[PDB]
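entry26.cif follows (mmCIF, C-alpha atoms and all ligand atoms):
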```
data_work
#
loop_
_atom_site.group_PDB
_atom_site.id
_atom_site.type_symbol
_atom_site.label_atom_id
_atom_site.label_comp_id
_atom_site.auth_asym_id
_atom_site.auth_seq_id
_atom_site.Cartn_x
_atom_site.Cartn_y
_atom_site.Cartn_z
ATOM 1 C CA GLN A 1142 -22.069 -18.529 18.676
ATOM 2 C CA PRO A 1143 -18.909 -19.133 20.736
ATOM 3 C CA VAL A 1144 -16.319 -21.313 18.997
ATOM 4 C CA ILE A 1145 -14.025 -21.794 22.003
ATOM 5 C CA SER A 1146 -14.844 -23.586 25.256
ATOM 6 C CA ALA A 1147 -15.163 -21.881 28.640
ATOM 7 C CA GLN A 1148 -11.890 -23.460 29.757
ATOM 8 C CA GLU A 1149 -10.045 -22.289 26.612
ATOM 9 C CA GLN A 1150 -11.414 -18.765 27.144
ATOM 10 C CA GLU A 1151 -10.091 -18.704 30.729
ATOM 11 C CA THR A 1152 -6.718 -20.143 29.610
ATOM 12 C CA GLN A 1153 -6.398 -17.343 27.019
ATOM 13 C CA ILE A 1154 -7.252 -14.683 29.610
ATOM 14 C CA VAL A 1155 -4.764 -16.065 32.179
ATOM 15 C CA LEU A 1156 -1.951 -16.516 29.633
ATOM 16 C CA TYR A 1157 -2.589 -13.040 28.170
ATOM 17 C CA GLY A 1158 -1.986 -11.458 31.604
ATOM 18 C CA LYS A 1159 1.306 -13.327 32.006
ATOM 19 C CA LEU A 1160 2.327 -12.068 28.538
ATOM 20 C CA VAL A 1161 1.439 -8.470 29.462
ATOM 21 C CA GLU A 1162 3.660 -8.682 32.560
ATOM 22 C CA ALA A 1163 6.514 -10.325 30.607
ATOM 23 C CA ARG A 1164 6.254 -7.626 27.926
ATOM 24 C CA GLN A 1165 6.399 -4.879 30.581
ATOM 25 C CA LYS A 1166 9.475 -6.460 32.239
ATOM 26 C CA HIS A 1167 11.345 -6.899 28.937
ATOM 27 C CA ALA A 1168 10.384 -3.438 27.637
ATOM 28 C CA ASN A 1169 11.555 -1.857 30.922
ATOM 29 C CA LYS A 1170 14.880 -3.686 30.479
ATOM 30 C CA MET A 1171 15.293 -2.516 26.857
ATOM 31 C CA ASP A 1172 14.019 0.931 27.934
ATOM 32 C CA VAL A 1173 11.375 0.884 25.178
ATOM 33 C CA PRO A 1174 7.594 1.386 25.265
ATOM 34 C CA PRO A 1175 5.786 -1.994 25.688
ATOM 35 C CA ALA A 1176 3.962 -1.598 22.338
ATOM 36 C CA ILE A 1177 7.323 -1.340 20.500
ATOM 37 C CA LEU A 1178 8.097 -4.883 21.686
ATOM 38 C CA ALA A 1179 4.609 -6.248 20.968
ATOM 39 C CA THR A 1180 1.233 -4.654 20.441
ATOM 40 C CA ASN A 1181 -1.787 -5.834 22.425
ATOM 41 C CA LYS A 1182 -3.033 -7.439 19.175
ATOM 42 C CA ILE A 1183 0.156 -9.530 18.887
ATOM 43 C CA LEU A 1184 -0.246 -10.620 22.533
ATOM 44 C CA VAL A 1185 -3.898 -11.646 21.939
ATOM 45 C CA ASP A 1186 -2.725 -13.738 19.001
ATOM 46 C CA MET A 1187 0.056 -15.257 21.106
ATOM 47 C CA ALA A 1188 -2.435 -16.199 23.863
ATOM 48 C CA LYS A 1189 -4.714 -17.857 21.272
ATOM 49 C CA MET A 1190 -2.167 -19.565 18.993
ATOM 50 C CA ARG A 1191 0.435 -20.252 21.733
ATOM 51 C CA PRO A 1192 3.660 -20.397 19.700
ATOM 52 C CA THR A 1193 6.543 -22.076 21.563
ATOM 53 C CA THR A 1194 9.225 -21.805 18.874
ATOM 54 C CA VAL A 1195 10.814 -18.866 17.054
ATOM 55 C CA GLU A 1196 9.594 -20.314 13.740
ATOM 56 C CA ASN A 1197 5.995 -20.374 14.999
ATOM 57 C CA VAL A 1198 5.862 -16.869 16.507
ATOM 58 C CA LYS A 1199 6.925 -15.492 13.081
ATOM 59 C CA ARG A 1200 3.631 -16.790 11.609
ATOM 60 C CA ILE A 1201 1.737 -14.263 13.774
ATOM 61 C CA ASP A 1202 0.683 -11.085 11.926
ATOM 62 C CA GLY A 1203 3.256 -8.371 12.627
ATOM 63 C CA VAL A 1204 6.035 -10.593 13.972
ATOM 64 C CA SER A 1205 9.254 -10.337 11.961
ATOM 65 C CA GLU A 1206 12.597 -12.102 12.509
ATOM 66 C CA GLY A 1207 13.745 -9.151 14.654
ATOM 67 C CA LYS A 1208 10.609 -9.010 16.796
ATOM 68 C CA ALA A 1209 10.675 -12.823 17.163
ATOM 69 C CA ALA A 1210 14.129 -12.567 18.778
ATOM 70 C CA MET A 1211 12.844 -9.835 21.091
ATOM 71 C CA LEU A 1212 9.874 -12.079 21.982
ATOM 72 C CA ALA A 1213 12.075 -14.984 23.180
ATOM 73 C CA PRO A 1214 11.257 -14.318 26.896
ATOM 74 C CA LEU A 1215 7.506 -14.497 26.110
ATOM 75 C CA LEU A 1216 7.935 -17.753 24.179
ATOM 76 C CA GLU A 1217 9.469 -19.146 27.382
ATOM 77 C CA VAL A 1218 6.373 -17.970 29.335
ATOM 78 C CA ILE A 1219 4.014 -19.710 26.884
ATOM 79 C CA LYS A 1220 5.967 -22.989 26.990
ATOM 80 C CA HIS A 1221 6.256 -22.957 30.819
ATOM 81 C CA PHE A 1222 2.559 -22.099 31.236
ATOM 82 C CA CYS A 1223 1.275 -24.712 28.772
ATOM 83 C CA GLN A 1224 3.425 -27.350 30.495
ATOM 84 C CA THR A 1225 2.296 -26.575 34.086
ATOM 85 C CA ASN A 1226 -1.260 -26.313 32.836
ATOM 86 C CA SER A 1227 -2.083 -29.034 30.316
ATOM 87 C CA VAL A 1228 -3.202 -27.007 27.287
ATOM 88 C CA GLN A 1229 -2.622 -27.252 23.523
ATOM 89 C CA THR A 1230 0.178 -25.186 21.940
ATOM 90 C CA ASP A 1231 0.997 -23.985 18.405
ATOM 91 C CA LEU A 1232 -2.589 -23.736 17.102
ATOM 92 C CA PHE A 1233 -2.258 -22.631 13.482
ATOM 93 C CA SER A 1234 -4.875 -23.032 10.736
ATOM 94 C CA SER A 1235 -2.568 -23.163 7.692
HETATM 95 CL CL CL B 1301 -4.777 -12.280 33.060
#
```

Could you write out this file's structure as structure tokens?
Ligand SMILES: [Cl-]
Amino acid sequence: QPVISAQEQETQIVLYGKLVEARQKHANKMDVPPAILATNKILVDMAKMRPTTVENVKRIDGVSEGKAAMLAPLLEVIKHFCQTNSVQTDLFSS
């Protein structure tokens, strides 16, 4: 039944938490609700697909040019994380 490995599952969980904290920080700075910056669904997708570029984040459902620019800090988190830990990035099907 499971398609992903145990290690991939843990990586997604760990990265997701870092994205939640980065979203909170950036939303607090912009004085906006966290969900206005990115919904939980967007964050789940970002933890799974791991976009590291602006062009790649835009391929995620619900991420426009404007949101992509707002998500720059989180793209930095994903690239830092996936470097320190040795995991695959930019996992897109199409
Ligand atoms: Cl976490």

Problem set entry | CA of residue 1190 (chain A) to CA of residue 1233 (chain A), straight-line distance in Å |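 Result for CA of residue 1233 (chain A) versus CA of residue 1190 (chain A): 6.3 Å, one decimal.
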
Problem set entry | Test item: residues no farther than 7 Å from ligand CL 1301 (chain B), counting all atoms listed in the file, as a list in words | residues 1154, 1155, 1156, 1157, 1158 and 1159 of chain A

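Of the residues under consideration (A:1188, A:1173, A:1210, A:1144), A:1188 shows the shortest atom-to-atom contact distance to residue 1160 (chain A) when counting all atoms listed in the file.
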
Exercise. Using all atoms listed in the file, which of the listed residues (A:1215, A:1177, A:1187, A:1168) sits closest to residue 1153 (chain A)?
Worked result: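 With all atoms listed in the file as the atom set, the closest residue is A:1187.
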
Exercise. Which is closer to residue 1145 (chain A) than all the others in A:1189, A:1204, A:1226, A:1196, using all atoms listed in the file?
Worked result: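 With all atoms listed in the file as the atom set, the closest residue is A:1189.
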
Problem set entry | Nearest candidate to residue 1216 (chain A) (options A:1174, A:1202, A:1228, A:1184; using all atoms listed in the file) |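 Counting all atoms listed in the file, the residue closest to residue 1216 (chain A) is A:1184.
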
Exercise. Applied to the shown file, which residues does the PyMOL selection byres (((chain A and resi 1203) around 12) and not hetatm) return, written as a ChimeraX atom specification?
Worked result: /A:1176-1184,1186-1187,1198-1202,1204-1209

Exercise. Within 7 Å of (3.3, -25.6, 18.2), all atoms listed in the file: residues as a PyMOL selection string?
Worked result: chain A and resi 1192-1193+1197+1230-1232

Could you turn the residues from that selection into a file that holds C-alpha atoms, as a short mmCIF file (atom, residue, chain, number, x, y, z; two decimals), in the coordinates of the input?
```cif
data_model
loop_
_atom_site.label_atom_id
_atom_site.label_comp_id
_atom_site.auth_asym_id
_atom_site.auth_seq_id
_atom_site.Cartn_x
_atom_site.Cartn_y
_atom_site.Cartn_z
CA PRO A 1192 3.66 -20.40 19.70
CA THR A 1193 6.54 -22.08 21.56
CA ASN A 1197 6.00 -20.37 15.00
CA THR A 1230 0.18 -25.19 21.94
CA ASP A 1231 1.00 -23.98 18.40
CA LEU A 1232 -2.59 -23.74 17.10
#
```

Problem set entry | One-decimal distance in Å that lies between CA of residue 1171 (chain A) and CA of residue 1219 (chain A) |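 Distance between the two atoms: 20.6 Å.
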
My structure is short of atoms at region 1211-1234 of chain A; please model N, CA, C and O atoms there, returning them as a compact mmCIF listing (two decimals), keeping the file's coordinate frame.
```
# COMPACT_ATOMS: atom_id res chain seq x y z
N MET A 1211 13.21 -10.64 19.94
CA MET A 1211 12.84 -9.84 21.09
C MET A 1211 11.78 -10.53 21.94
O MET A 1211 11.68 -10.28 23.14
N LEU A 1212 10.99 -11.40 21.31
CA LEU A 1212 9.87 -12.08 21.98
C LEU A 1212 10.27 -13.41 22.63
O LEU A 1212 9.41 -14.11 23.17
N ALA A 1213 11.56 -13.74 22.59
CA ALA A 1213 12.08 -14.98 23.18
C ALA A 1213 11.63 -15.22 24.64
O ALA A 1213 11.14 -16.29 24.95
N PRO A 1214 11.76 -14.20 25.52
CA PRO A 1214 11.26 -14.32 26.90
C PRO A 1214 9.78 -14.73 27.00
O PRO A 1214 9.42 -15.51 27.89
N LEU A 1215 8.94 -14.22 26.10
CA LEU A 1215 7.51 -14.50 26.11
C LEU A 1215 7.20 -15.90 25.60
O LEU A 1215 6.23 -16.52 26.02
N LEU A 1216 8.03 -16.38 24.67
CA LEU A 1216 7.94 -17.75 24.18
C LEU A 1216 8.20 -18.75 25.31
O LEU A 1216 7.55 -19.80 25.39
N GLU A 1217 9.15 -18.40 26.17
CA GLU A 1217 9.47 -19.15 27.38
C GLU A 1217 8.28 -19.18 28.35
O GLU A 1217 8.01 -20.22 28.97
N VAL A 1218 7.57 -18.06 28.48
CA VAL A 1218 6.37 -17.97 29.34
C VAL A 1218 5.27 -18.91 28.84
O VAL A 1218 4.65 -19.64 29.63
N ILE A 1219 5.02 -18.87 27.53
CA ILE A 1219 4.01 -19.71 26.88
C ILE A 1219 4.33 -21.20 27.06
O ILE A 1219 3.45 -21.98 27.40
N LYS A 1220 5.58 -21.58 26.84
CA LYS A 1220 5.97 -22.99 26.99
C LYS A 1220 5.89 -23.47 28.45
O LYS A 1220 5.41 -24.57 28.71
N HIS A 1221 6.35 -22.65 29.39
CA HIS A 1221 6.26 -22.96 30.82
C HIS A 1221 4.79 -23.12 31.24
O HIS A 1221 4.42 -24.13 31.87
N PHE A 1222 3.98 -22.12 30.91
CA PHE A 1222 2.56 -22.10 31.24
C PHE A 1222 1.82 -23.33 30.72
O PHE A 1222 1.11 -24.00 31.47
N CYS A 1223 2.00 -23.63 29.43
CA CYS A 1223 1.27 -24.71 28.77
C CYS A 1223 1.75 -26.10 29.21
O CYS A 1223 1.07 -27.10 28.97
N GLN A 1224 2.91 -26.14 29.86
CA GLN A 1224 3.42 -27.35 30.50
C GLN A 1224 2.79 -27.56 31.88
O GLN A 1224 2.26 -28.63 32.16
N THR A 1225 2.85 -26.52 32.72
CA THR A 1225 2.30 -26.58 34.09
C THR A 1225 0.79 -26.82 34.04
O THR A 1225 0.26 -27.66 34.75
N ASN A 1226 0.12 -26.05 33.19
CA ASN A 1226 -1.26 -26.31 32.84
C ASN A 1226 -1.19 -27.20 31.61
O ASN A 1226 -0.22 -27.11 30.86
N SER A 1227 -2.18 -28.04 31.38
CA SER A 1227 -2.08 -29.03 30.32
C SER A 1227 -2.92 -28.64 29.10
O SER A 1227 -3.95 -29.25 28.80
N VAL A 1228 -2.47 -27.59 28.41
CA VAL A 1228 -3.20 -27.01 27.29
C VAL A 1228 -2.44 -27.15 25.97
O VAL A 1228 -1.22 -27.29 25.97
N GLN A 1229 -3.18 -27.10 24.86
CA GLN A 1229 -2.62 -27.25 23.52
C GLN A 1229 -1.79 -26.03 23.14
O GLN A 1229 -2.12 -24.90 23.51
N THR A 1230 -0.69 -26.26 22.43
CA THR A 1230 0.18 -25.19 21.94
C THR A 1230 0.22 -25.19 20.41
O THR A 1230 -0.21 -26.16 19.78
N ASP A 1231 0.73 -24.10 19.84
CA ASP A 1231 1.00 -23.98 18.40
C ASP A 1231 -0.23 -24.28 17.53
O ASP A 1231 -0.20 -25.15 16.67
N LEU A 1232 -1.31 -23.54 17.78
CA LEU A 1232 -2.59 -23.74 17.10
C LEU A 1232 -2.72 -22.88 15.85
O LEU A 1232 -3.28 -21.78 15.90
N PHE A 1233 -2.21 -23.38 14.74
CA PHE A 1233 -2.26 -22.63 13.48
C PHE A 1233 -3.15 -23.32 12.46
O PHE A 1233 -3.16 -24.56 12.36
N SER A 1234 -3.91 -22.52 11.71
CA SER A 1234 -4.88 -23.03 10.74
C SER A 1234 -4.22 -23.54 9.45
O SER A 1234 -4.54 -24.62 8.97
```
